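Presented below is the structure to which this report refers.
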Amino acid sequence: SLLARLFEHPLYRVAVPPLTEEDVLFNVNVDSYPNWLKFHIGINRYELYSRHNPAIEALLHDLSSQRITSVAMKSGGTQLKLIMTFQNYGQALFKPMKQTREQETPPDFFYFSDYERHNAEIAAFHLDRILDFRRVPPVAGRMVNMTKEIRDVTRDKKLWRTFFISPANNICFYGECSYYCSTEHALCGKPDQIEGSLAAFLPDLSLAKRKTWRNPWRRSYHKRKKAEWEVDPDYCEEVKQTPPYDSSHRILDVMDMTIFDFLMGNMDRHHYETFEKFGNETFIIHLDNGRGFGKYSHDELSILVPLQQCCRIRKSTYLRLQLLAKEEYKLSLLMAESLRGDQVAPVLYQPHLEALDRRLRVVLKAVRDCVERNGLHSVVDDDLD
Amino acid sequence: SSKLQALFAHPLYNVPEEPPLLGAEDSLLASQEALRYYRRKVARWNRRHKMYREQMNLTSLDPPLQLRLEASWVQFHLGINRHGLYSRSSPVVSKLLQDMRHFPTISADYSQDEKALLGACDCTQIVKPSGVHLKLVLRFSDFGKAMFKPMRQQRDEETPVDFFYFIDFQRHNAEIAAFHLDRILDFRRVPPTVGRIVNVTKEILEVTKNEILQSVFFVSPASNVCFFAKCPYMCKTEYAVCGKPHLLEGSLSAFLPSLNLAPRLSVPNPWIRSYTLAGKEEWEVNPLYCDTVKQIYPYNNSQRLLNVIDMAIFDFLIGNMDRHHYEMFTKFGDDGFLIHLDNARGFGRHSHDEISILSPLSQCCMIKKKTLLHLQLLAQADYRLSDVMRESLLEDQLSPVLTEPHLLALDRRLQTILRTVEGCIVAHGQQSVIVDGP
Ligand SMILES: Nc1ncnc2c1ncn2[C@@H]1O[C@H](COP(=O)(O)OP(=O)(O)OP(=O)(O)O)[C@@H](O)[C@H]1O
Ligand SMILES: Nc1ncnc2c1ncn2[C@@H]1O[C@H](COP(=O)(O)OP(=O)(O)OP(=O)(O)O)[C@@H](O)[C@H]1O
């Protein structure tokens with residue numbers, strides 16, 4: 001009900017502009033379609049899904065319960081990511097458990113050394129949902145049988161040949177990616193089931209190409225090397241005068257993203273993707289959110305530097321971010337409830353839900369530091385039609 | 001009070017050892033030759049070190065190194081006799097351990113065994129050779145050396161289940177504890193080992209002449225001086241080993257004499273493991289495996305096989321599955337004692353007893369008379385194995401080196417060894433289950 005009241009609020013019923021044939025993604029010139037397909041044909045210019053869509057909550061149910069028919073390991077490398085095919089032709093990306101729940105990434109780990117936990121992937125969907133951004137593909141947790149749903153249903157000999165039995169008579173496997181894909185990192189169930197996050201598959205690039213931009217606040221991805229924006233305090237004055245980032249609808253998309261990343265601690269947003277058929281005047285897809293929620297006793301302020309430098313925010317999210325701080329609409333109790341139905345719940349160790357609020361007030365206080373230094377009407381854009 | 005003193009003051013730890021040593025041919029190092037060799041290595045070090053200081057522009061302050069006979073490692077080397085590595089209740093070893101804990105370091109390298117790998121990272125290799133592991137060799141002001149194994153795990157941490165032996169960690173505290181167990185058993189076979197807290201910057205990085213070793217030191221987002229083994233970090237199989245921010249604790253293991261003075265013989269154990277994710281060796285399946293071993297040279301003399309039995313006991317007490325090879329001193333012959341060099345893996349499961357280590361004793365069913373007496377004694381409460389270990393380990397700067405479940409495991413594992421000796425006595429009699437040789 002605390003969550004049910006959030007969506008009764010008048011900040012969460014502002015509809016998107018009227019759509020036209022050049023604003024949808026898949027013009028349909030549709031009730032037996034699977035929930036993954038309703039999800040695809042509903043992607044418009046300014047969202048990934050509707051606020052009260054019947055398919056998104058049903059697609060979440062599918063990823064958790066639907067039977068798995070084929071599994072394949074992803075191409076190239078970059079951490080262990082598995083593609084799964086269900087009985088309804090639908091696909092989903094899978095990130096296995098890899099790390100615990102009450103655990104923290106050690107302080108001595110750089111941002112490029114961190115794990116990818118299903119926790120952050122599941123949580124990021126709900127957090128992106130509570131903020132009414134709706135820029136993440138739906139993801140649900142699941143307790144997968146690593147025999148009858150991984151090994152015994154894959155023809156990828158590269159994967160299959162890593163399923164070994166452990167000294168503890170447990171079933172292990174490690175795959176063949178680039179980072180953390182050897183026996184010492186082999187994911188192991190007791191005796192034959194781990195958990196992961198089935199992230200729903202975006203539409204195939206065959207019928208929906210997707211741009212991929214380099215975020216101008218990407219880190220050096222190198223020790224002992226700074227990334228310019230760590231040396232220029234008004235580096236944002238250059239980005240507001242670059243090829244596309246000079247448009248008002250674009251300099252803002254990054255702001256909503258960074259407030260998202262800082263709430264989770266995801267300092268690995270080196271690139272972001274558009275939708276091509278949509279050009280430069282759309283939303284930004286929040287993908288690969290697995291490097292968050294790895295620290296609960298730490299708030300990484302370096303993530304928020306894009307907001308501190310540009311000192312601009314959307315009034316849409318500003319009035320939201322305030323409401324999420326009041327105890328009657330608190331991020332803690334809202335997220336903990338939204339994450340109560342995920343089959344893998346509790347998806348978040350409690351102090352992360354608590355930290356989620358502490359991170360909100362430092363974002364909220366950061367807007368105030370921009371508002372008394374640059375004024376109000378020059379920090380908040382307006383949305384009220 | 002003090003069960004430890006009671007142990008060494010017992011009639012067992014005092015009776016002369018047979019056969020006695022004539023000398024000269026029962027001290028693996030010849031004095032006049034060894035001093036000349038070491039005196040030359042000291043002269044070459046002084047030369048090639050001053051030149052390094054001149055290239056990097058550093059005033060050659062202080063005099064050059066002096067090789068003194070009174071150094072601990074010197075007297076440690078010249079004291080290695082046919083009866084073991086060190087002497088029983090030796091005052092040199094006490095000084096030796098204290099020296100490795102306090103003397104300053106003057107050099108640090110990568111050791112051979114690495115370095116001789118040339119390349120060589122094969123991120124596909126599951127059991128990469130024992131040269132891609134984090135360990136350095138330090139040199140002290142008295143010219144002595146020591147194999148430094150840094151801390152890799154907390155005290156109350158075990159090798160997680162689903163971890164095979166070949167990927168188990170490399171505990172510094174178990175290198176120390178294995179030495180204290182060695183001295184308590186009067187096996188006298190692993191080199192003396194101390195725990196020490198090392199300023200990784202002042203005592204490793206700032207003293208190494210190796211351009212690669214300087215390249216593996218970095219600083220964390222928490223501002224801690226870290227370093228790493230070049231190969232495992234690239235394959236992402238292990239992490240780094242950071243100070244807090246500079247202070248790091250490790251285990252120094254005293255160096256054996258130089259292989260130019262005392263050659264050694266890396267011999268494959270007869271009970272090696274497969275070292276694969278599957279597949280078992282012959283002994284892992286045939287309870288009559290030792291019937292075969294007893295008929296293979298040089299295990300036919302019935303005196304080398306006994307030394308391996310002692311090793312199996314010592315490894316079972318510490319849970320050291322990874323004993324693929326035992327080294328020997330060639331001067332002492334087929335009957336010479338075995339050196340227990342790298343124990344860094346034992347003491348990783350305090351809740352589990354791996355009986356496959358005891359397979360030599362289980363299947364050969366024969367134990368040395370002396371070894372059985374010390375094991376029987378260490379089962380009696382007045383000198384129980386855990387208490388004499390707990391007390392002996394208190395003399396280390398890294399106390400407590402062993403948590404309580406580990407110490408209590410030694411007692412229980414001792415019963416299993418004694419239960420097997422008495423157990424397989426019933427099938428063979430004290431005739432073939434005790435070898436009271438001199
Ligand atoms: N002047 C130098 N410039 C650059 N690198 C050097 C220099 N001198 C030595 N090194 C590197 O450091 C190491 C030198 O170690 P050190 O001089 O302490 O003893 P060593 O002679 O190499 O070893 P050992 O004592 O076993 O003969 C060499 O392996 C070499 O790679
Ligand atoms: N306590 C110990 N634990 C493990 N390994 C040891 C120990 N003592 C010696 N060793 C091994 O013995 C070897 C020492 O020989 P090394 O190649 O350093 O030549 P050296 O003995 O220094 O002789 P020189 O420098 O005069 O040629 C190293 O590979 C080291 O791994």
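Nothing in this text is a laboratory measurement; each read-out follows from the coordinates by a stated rule. For neighbour counting, all protein chains shown are included, and Cβ atoms are generated from backbone atoms with ideal geometry for every residue, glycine included.
Quick notes on this one:
- Rg and Dmax [Cα atoms of the range B:352-438; Å; Rg one decimal, Dmax integer]: 14.9, 47
- Computed 3J(HN,Hα) for the range A:38-50, one whole-Hz value per residue from the Karplus formula 6.51 cos²θ - 1.76 cosθ + 1.60 where θ = phi - 60°, is 3, 4, 6, 5, x, 5, 9, 5, 10, 5, 8, 7, 7, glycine and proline marked x.
- With the highest mean first, a sort of the peptides A:359-365, B:55-61, A:324-330 on other beta-carbon atoms found within 10 angstrom per residue produces A:359-365, A:324-330, B:55-61.
- Loop trypsin sites (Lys or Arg not before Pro), the range B:1-79 (other Cβ atoms within 10 Å of the site Cβ: 14 or fewer; DSSP): B:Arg68
- Note on the range B:368-438 and the range A:160-186: Cα centroid distance 37 Å, given to the nearest whole angstrom.
- Cα-derived Rg over Rh, computed across the range A:191-299 with Rh taken as Kirkwood radius: 1.02
- Rounded to the nearest 20, the size of the Cβ-charge dipole of the range B:264-435 about its Cα centre is 320 debye, with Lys and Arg at +1 and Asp and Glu at -1.
- Ordering of A:159-166, A:253-260, B:153-160, A:309-316 by burial proxy (mean other Cβ atoms within 10 Å per residue, highest first): A:253-260, A:309-316, A:159-166, B:153-160
- Each residue of the range B:28-43 was assigned a 3J(HN,Hα) from its phi angle through the Karplus curve 6.51 cos²θ - 1.76 cosθ + 1.60 (θ = phi - 60°); the sequence is 4, 9, 7, 4, 4, 6, 4, 4, 4, 4, 4, 5, 6, 4, 6, 5 Hz, with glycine and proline shown as x.
- Å³ per residue enclosed by the Cα convex hull of the range A:237-385: 145
- For the range B:264-435: relative contact order, % (alpha-carbon pairs under 8 angstrom, 6 or more apart): 24
- Residue among B:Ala229, B:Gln5, B:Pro19 farthest towards the positive dipole end of chain B, charges placed on Cβ: B:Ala229
- If you take all other residues with their beta carbon under 13 Å from the beta carbon of B:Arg88, and give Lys and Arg +1 and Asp and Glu -1, the sum is +1.
- Cα shape, the range B:216-284, gyration tensor, a/c 1.5 rule: oblate
- Shielding by partners for peptide B:156-169, expressed as the average number of C-beta atoms from other protein chains within 10 Å of each residue's C-beta, is 4.
- The tail of the calculated P(r) for chain A, taken as Cα-Cα distances beyond 27 Å, holds 50 percent of the pairs.
- Taking every residue in A:220-230 and counting other chain Cβ atoms within 10 Å of its Cβ, the average works out to 1.
- Placed amide H near B:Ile434: partners under 5 Å, 5+ positions off or other chain: B:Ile367
- Within-9-Å neighbourhood charge of A:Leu252 [Cβ basis; K, R +1; D, E -1]: 0
- A cut-off of 5 Å between modelled amide H atoms, ignoring neighbours fewer than 5 places along the same chain, links B:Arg139 with B:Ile106, B:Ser107.
- In a DSSP loop and with at most 12 other Cβ atoms within 10 Å, the GluC sites (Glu not before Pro) in the range A:86-126 are A:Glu102.
- Averaged over the residues of peptide A:179-187, the number of Cβ atoms from other protein chains lying within 10 Å of each residue's Cβ is 5.
- Net charge of Cβ neighbours under 15 Å - reference B:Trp73; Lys, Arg +1; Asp, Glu -1: +4
- Extents of the protein assembly as shown, taken as max minus min of Cα coordinates on every principal axis and listed largest first, are 105, 70, 50 Å.
- Reciprocal of mean inverse Cα separation for the range B:264-435 (Kirkwood radius, Å): 17.1
- Dividing the radius of gyration of the alpha carbons in chain B by their Kirkwood radius gives 0.96 for Rg/Rh.
- Charged side chains reduced to their Cβ positions (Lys and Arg at +1, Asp and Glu at -1) give the protein assembly as shown a dipole of some 1580 debye around its Cα centre.
- If you look at the Cα atoms of the range B:25-174, you get an Rg and a Dmax of 19.2, 55 Å.
- For A:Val139, the residues 5 or more places off, or on other chains, whose built amide H falls under 5 Å of its own are A:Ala200.
- Mean projected area of the convex hull spanned by the Cα atoms of the range A:96-168, taken over all viewing directions: 7.9 nm².
- Whole-Hz Karplus values for the range A:87-94 come out as 5, 9, 6, x, 10, 7, 7, 10 Hz, taken residue by residue from phi with 6.51 cos²θ - 1.76 cosθ + 1.60 and θ = phi - 60°; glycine and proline positions read x.
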